[PDB]
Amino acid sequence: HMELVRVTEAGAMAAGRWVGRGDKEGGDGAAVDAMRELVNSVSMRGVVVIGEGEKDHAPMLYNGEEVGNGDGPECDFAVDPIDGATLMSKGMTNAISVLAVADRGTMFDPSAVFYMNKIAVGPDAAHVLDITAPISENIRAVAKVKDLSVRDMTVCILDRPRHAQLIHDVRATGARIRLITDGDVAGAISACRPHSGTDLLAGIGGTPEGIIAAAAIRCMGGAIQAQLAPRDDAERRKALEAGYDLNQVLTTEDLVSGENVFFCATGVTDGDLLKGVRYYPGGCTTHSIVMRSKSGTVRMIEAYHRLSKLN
């Protein structure tokens, strides 16, 4: 199962050639393409539940597309070739290539509501989370558990007009903020890894990114909590007549409930978790993380690829 790392390795190597060239679609589509090629060489029966979208506007890794050898139990397949293609195109930090796999039918439905509100923290402080409490009370309880003062805390938040109130409320408590322009899968995993410089992720981001992060959290530990975030009353009603209680707090296991979860990622640009891909004459080096829920084993994998063998 470790062999699934070659999928994000291939995605990151493809996107790595487009880093800093200012073409979002070029790099994104090249990563999609390398990953779809490599996943269909892998001994698995998978169905894309999270990918590039519906087949009418996404030719590759559309929702429902079957992937893999064809061998093995059919399972849920979530893929994010680049978590924030703009970071890749501008040469910014913390762009990652991501993939998760769970038991079929155990990944929360990514299409119910576009956005969800999120909070995430690592294993030491996971027990104190309450996304219905004000962010200030989450910060103080998390800080006390970590033996930090509140002014030592660092909260990762997407830089968005919608987060003006949240940003104001975090600042009022005294904690530092790490504003990111994109990439709250990376932000969420960083909140849960030790000595990353990020102690907490908060705010609204993509529902599919919330499920991908939960897959990671299932394997490495920590918690994410979420609540669906209808944009308008239309999506609010669509959600209610799909069956959802909007007072409902989703825990990690509500987003990904399988017993067999797999997650891996490979760095595209340098981030606070993974170094970006580096190209050399002889080849190139990728930096990846790989993890499984059943063992709880976490692997850091640095790979030196030899494409050719020069004079």
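Position 1 is the first residue in the sequence shown; the rest follow in order.
Comparing 264 to 272 with 245 to 253, the higher mean C-alpha B-factor in the PDB entry belongs to 245 to 253.
Of the two stretches examined, 101 to 109 and 68 to 76, the record assigns the greater average C-alpha temperature factor to 68 to 76. Within the group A239, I224, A125, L179, the record's highest C-alpha temperature factor is found at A239. Compared with the other modelled residues of the chain, the Cα B-factor recorded for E235 ranks in the highest third. Ranked by C-alpha B-factor against the other modelled residues of its chain, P194 falls in the highest third. Residue-level temperature factors show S41 in the highest third of its chain, judged at the C-alpha atom.
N63 sits in the highest third of its chain by CA B factor, as recorded in the PDB entry.
When the modelled residues of the chain are ordered by C-alpha B-factor, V5 sits in the lowest third.
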